[PDB]
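Below: the structure, in structure tokens.
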Amino acid sequence: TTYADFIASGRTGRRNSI
Amino acid sequence: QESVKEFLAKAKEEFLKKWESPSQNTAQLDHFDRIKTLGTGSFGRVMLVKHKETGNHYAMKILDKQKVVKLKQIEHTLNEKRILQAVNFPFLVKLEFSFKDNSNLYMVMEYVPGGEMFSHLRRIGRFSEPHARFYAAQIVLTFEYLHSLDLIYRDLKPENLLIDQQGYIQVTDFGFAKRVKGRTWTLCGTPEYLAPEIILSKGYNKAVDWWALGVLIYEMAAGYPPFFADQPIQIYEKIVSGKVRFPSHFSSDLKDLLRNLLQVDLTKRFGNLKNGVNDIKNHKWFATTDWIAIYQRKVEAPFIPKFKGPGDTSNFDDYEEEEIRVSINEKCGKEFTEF
Ligand SMILES: O=S(=O)(c1cccc2cnccc12)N1CCCN(Cc2ccccc2B(O)O)CC1
Ligand SMILES: [Cl-]
């Protein structure tokens, strides 16, 4: 699912600035 | 209508006055007892502190001057403190004290015990549309206020929104907020929230904040952002494509709003058109929103964080408690003269 793809992305935690 | 113009004109006069003559040096370190580390970053820390005289709790952001200089953050750091002491709006965190010593810069802010929107969203999964709309209305008003000061915010994301004891939002981070009457060019922000024109090396303006609002609304309502991937470059490629998919539970009104906020063509993006912010405020998805009642905080919040009193820290994570060292030698004095 899209949520599963979100989890697989590894970007589920707090996101740092570039 | 004429009331709004008059309110924003008064507000800009007060802002520019404080902007031109910032407050400095309104407390010192030994006025405070340290209680707990609330957050740790590459240039400093945020700690829960108790003012010894009054017993009031505060969040104290502590920035290591040498790390700030090492990481090329001098202007952002000075800018954030200058913004915070000069702005005044219900959904913006209040700066109570600031000072510096040999080693560090200190900003002492009202303590928001409910923690980041981010944790609550990841815990619950996603917010219902009424819940998401409640937060969204506050960001819309906040952006209307900041844009009236010619400030582009550029750093919107659930990580940067705190939930107060009334359930309302407080915006905390202003390092990237730039005074921009025209255009600006810096690549900065968080990948998931970057407008395509920031990725595309074009000049950009405050319209990037309305794009980011679209990202935020999508993430609050879906539980995940519209554009994600294993690596930032692949997020950039999805963003600049005009392609986005919606969860099947998104209402029709919500999708129509998001199609107009997540509009690649910034000459067709809501907030950036002839009627400005009123295209958003008057959109069908916001039909039930009492804008004035939101601003006056007279709307029953959909969620109230759990707070077992003042100084409760249960909505923040646990961090290794490190010393606060203050060197015998003044570090970086010339660079931070204006702080
Ligand atoms: O720790 S905060 O939640 C925080 C910040 C401001 C006021 C607060 C009032 N009550 C509670 C917490 C508060 N917080 C909001 C999210 C961002 N970080 C990350 C961070 C951590 C340490 C130093 C800098 C930064 B930074 O990205 O510039 C820290 C600040
Ligand atoms: Cl995390």
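In the structure tokens, the first chain shown is A, the next is B, and so on; residue numbers restart at 1 for each chain, and ligands run from 1 in the order shown.
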
Surrounding residues as a list in words, ligand 1, max 7 Å, only C-alpha atoms and all ligand atoms
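Those within range of ligand 1 are residues 38, 39, 40, 41, 42, 43, 44, 45, 46, 58, 59, 61, 63, 93, 109, 110, 111, 112, 113, 115, 116, 159, 160, 162, 172 and 173 of chain B.
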
Near residue 12 (chain A), counting only C-alpha atoms, which residues have an atom at most 12 Å away, once you skip same-chain residues fewer than 6 positions from it, shown as a list in words?
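Neighbouring residues, sequence-local ones excluded: residues 3, 4, 5 and 6 of chain A; 118, 119, 121, 122, 123, 125, 159, 192, 219, 223, 224, 225, 228, 229 and 230 of chain B.
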
Can you tell me, as a ChimeraX atom specification, which residues in region 231-325 of chain B count as helix (DSSP H, G or I) by DSSP?
/B:232-240,252-261,278-281,284-286,291-295

Given a cut-off of 8 Å, what residues near ligand 2 show up using only C-alpha atoms and all ligand atoms, put as JSON, numbers by chain?
{"A": [12, 13, 14, 15]}

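The part of chain A that reaches within 6 Å of chain B is made up of residues 9, 17 and 18 of chain A, counting only C-alpha atoms.
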
Separation of CA of residue 108 (chain B) from CA of residue 134 (chain B), in Å and rounded to one decimal
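For CA of residue 108 (chain B) relative to CA of residue 134 (chain B), the distance reads 27.9 Å.
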
From the DSSP assignment of the backbone, select every residue of region 169-303 of chain B that is strand (DSSP E or B), and format the answer as a ChimeraX atom specification.
/B:169-171,178-179,184,204

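With only C-alpha atoms as the atoms that count, the residue of B:270, B:106, B:153, B:286 with the shortest distance to residue 339 (chain B) is B:106.
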
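One finds CA of residue 199 (chain B) at 23.7 Å from CA of residue 255 (chain B).
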
Neighbouring residues of region 47-56 of chain B were defined as those with any atom within 6 Å, considering only C-alpha atoms; residues of the same chain fewer than 3 positions away were excluded. Please report them as number ranges by chain.
B: 31-38, 59-60
